[PDB]
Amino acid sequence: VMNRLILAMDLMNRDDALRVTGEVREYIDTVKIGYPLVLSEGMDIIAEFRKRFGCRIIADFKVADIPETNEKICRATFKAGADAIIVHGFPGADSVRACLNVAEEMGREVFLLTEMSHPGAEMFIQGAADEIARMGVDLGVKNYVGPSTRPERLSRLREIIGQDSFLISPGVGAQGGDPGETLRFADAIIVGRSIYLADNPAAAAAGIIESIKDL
C-alpha cells in the first residue's frame, strides 16, 4: 500500500469523513472503513469513497458469525464494492472458510484477524492467537491483522505466517504503538485517531510517512 499507511476512517459523519480522507489522500492508497461510518451513513459510502478517492477499501467488519451468516455478510460487503474484508479467526475454521469461499466467488480478499491490539485481548484471544494464525495458514489465508501494541506478538505472528503473507497492524498512535517498530514485522500500519482527530490530518499523515521513509 502507498507509504505502508492505511487510514482507519472511523469518523461517523459523511462530511467529516470525506474532508479528512481527501486531505490525506496524497499519502495513502488504502482506506479501512468500519462499522462506525457504515452504520451511520450506509453501505453506499464504500462505493462513494472508492470512486471519489480511487483508493482500495478494506471493510473492517471483524466478521464473527456462524458460516451461513458469514457468507451473507461477506456477499453484501463485496456487493457494496469493498476490496477486502477483515474476519475474526476466534469463531473457528468453518466460519473463516465461509468468508474465503465468498471472496473466491467474487474475486476479493479476506484478512484474518489473529490477535487484537487492546488490553482485553490478553484475556482470551492472545492464548488462542498462535493457533488461530496456524489455522489461517492451513486454510490458505494470505492476509493477516495483528497488534502494533505488542511487537513481540506481531513478530511471533510473522514467524507463523511467513514472509510472503501480507500483514497489517492497528494500534499505532492513539493505542500506544510505534510506526517504525511495527513495520519491522508488518507490511503496513493502520492509523485512525492520530490522523483523523489531528488539528491537521495531512501534517499528521506526513509526519508518520517521514518516519516510515527513514526506516
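Note that residue numbering follows the sequence shown and begins at 1.
Open item on the list: If you take the mean CA temperature factor per stretch, which one wins between 18 to 26 and 192 to 200?
Closed with: Mean CA B-factor is higher for 18 to 26.
Open item on the list: I need to verify one thing: averaged over C-alpha atoms only, is the B-factor higher for 94 to 102 or for 133 to 141?
Closed with: Per the PDB entry, the higher value belongs to 133 to 141.
Task: Selection by C-alpha B-factor (highest) of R156, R150, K62, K32 - done: Highest C-alpha B-factor among the listed options: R156.
Open item on the list: Maximum C-alpha temperature factor per the entry, among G180, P36, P67, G173, belongs to which one?
Closed with: The C-alpha B-factor peaks, among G180, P36, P67, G173, at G180.
TODO: Pull the Cα B-factor of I168 out of the PDB entry and bin it into the chain's lowest, middle or highest third.
DONE: Within its chain, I168 is a lowest-third residue by C-alpha B-factor, going by the deposited values.
- [ ] Please rank the C-alpha B-factors of the chain's modelled residues and tell me whether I58 sits in the lowest, middle or highest third.
- [x] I58: CA B-factor falls in the lowest third of its chain.
Open item on the list: Test of reading the entry: by CA B factor among the chain's modelled residues, which third contains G146?
Closed with: Ranked within chain, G146 CA B lands in the lowest tercile.
- [ ] Please place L11 in the lowest, middle or highest third of its chain by C-alpha B factor as given in the entry.
- [x] Its C-alpha B-factor belongs to the middle third of this chain's values.
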